[PDB]
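Have a look at the structure below before the remarks.
Protein chains in written order, with the authors' numbering: chain 5, 98 to 110, 129 to 146; chain G, 95 to 169, 173 to 188.
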């Protein structure tokens with residue numbers, strides 16, 4: 098995301132990017 | 095000539111220690127390329143610094159190649178050229 102964000106605001110015309136949250140889903144067996 | 099210039103001499107005479115690295119940085123921004131080639135009669139410090147510069151150039155080129163090969167957005174050439182230079186230089 099850091100290298101996506103740098104190529105984002107300098108092209109589609129300070130910024131701090133926090134640590135991204137891991138969210139995960141699944142459709143496996145529900146015990 | 096009529097233009098305005100700051101008193102660089104007094105600033106050096108009062109705070110010379112900072113201006114040492116300021117002048118070294120200014121020299122490093124404007125460094126002519128070596129006209130003669132490196133040889134076996136050169137200093138060991140010279141070959142170490144030459145290898146360090148070449149390694150820096152190769153690291154920058156390899157990171158440029160990897161970021162260009164990833165193709166994050168698949169999309173103004175100078176725009177993503179400058180942006181990719183920035184992301185390589187701070188990566």
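Every residue gets a Cβ at the ideal spot worked out from N, C-alpha and C, and that includes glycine.
Fill in: Residues that residue 179 (chain G) contacts on chain 5, provided the C-beta gap is smaller than 8 Å
Locating residue 179 (chain G) in the second chain gives position 82, counting from the first residue. By Cβ distance, chain 5 contributes 107.
Worksheet item: Using a C-beta to C-beta distance shorter than 8 Å, which residues of chain G count as neighbours of residue 104 (chain 5)?
Response: Your numbering for residue 104 (chain 5) matches position 7 in the first chain. Neighbours of residue 104 (chain 5) on chain G, chain order: 166, 167, 177, 180, 181, 184.
Item to complete: Give the single residue among 144 (chain 5), 143 (chain 5), 102 (chain 5), 146 (chain 5) whose Cα lies nearest to the Cα of residue 130 (chain 5).
Response: Within the first chain, numbered from 1, the residue matching residue 130 (chain 5) stands at position 15. Closest by alpha carbon: 102 (chain 5).
Discussion item. Using only the alpha-carbon positions, how far apart do residue 167 (chain G) and residue 133 (chain 5) sit?
Written reply: In the second chain, the residue the question calls residue 167 (chain G) occupies position 73. In the first chain, the residue the question calls residue 133 (chain 5) occupies position 18. Rounded to whole angstroms, residue 167 (chain G) to residue 133 (chain 5) spans 21 Å at the Cα level.
Worksheet entry | Helix, strand or coil at residue 106 (chain G) according to DSSP, with G and I counted as helix | On the second chain, position 12 is the one that residue 106 (chain G) refers to. Residue 106 (chain G) falls in the helix class under three-state DSSP.
Practice prompt. List the whole-angstrom C-beta distance separating residue 98 (chain 5) from residue 179 (chain G), where the pair is believed to meet the contact cut-off of C-beta under 8 Å.
Written response: Residue numbering aside, residue 98 (chain 5) sits at position 1 when the first chain is read from its first letter. Residue numbering aside, residue 179 (chain G) sits at position 82 when the second chain is read from its first letter. That belief does not hold up - the Cβ atoms of residue 98 (chain 5) and residue 179 (chain G) are roughly 20 Å apart, past 8 Å.
Practice prompt. Throw me the rounded Cβ distance for the residue 161 (chain G) and residue 181 (chain G) pair, which I believe falls under 8 Å.
Written response: The count along the second chain starts at 1 and reaches residue 161 (chain G) at position 67. The count along the second chain starts at 1 and reaches residue 181 (chain G) at position 84. Yes, residue 161 (chain G) and residue 181 (chain G) are in contact; Cβ-Cβ is about 6 Å, under 8 Å.
Worksheet item: Along chain 5, in chain order, which residues have C-beta atoms closer than 9 Å to that of residue 161 (chain G)?
Response: As a working mapping, residue 161 (chain G) is identified with position 67 in the second chain. Under the 9 Å cutoff, chain 5 gives 100, 104.
Worksheet item: Going along chain 5, which residues have a C-beta under 9 Å from residue 173 (chain G)?
Response: Along the second chain, one-based indexing puts residue 173 (chain G) at 76. The answer, in chain order, is 108.
Item to complete: Mark residue 104 (chain 5) as exposed unless 16 or more other C-beta atoms lie within 10 angstroms of its C-beta, in which case mark it buried.
Response: Sequence index remark: in the first chain, residue 104 (chain 5) carries index 7 (1-based). Buried, because 16 or more other Cβ atoms sit within 10 Å of the Cβ of residue 104 (chain 5).
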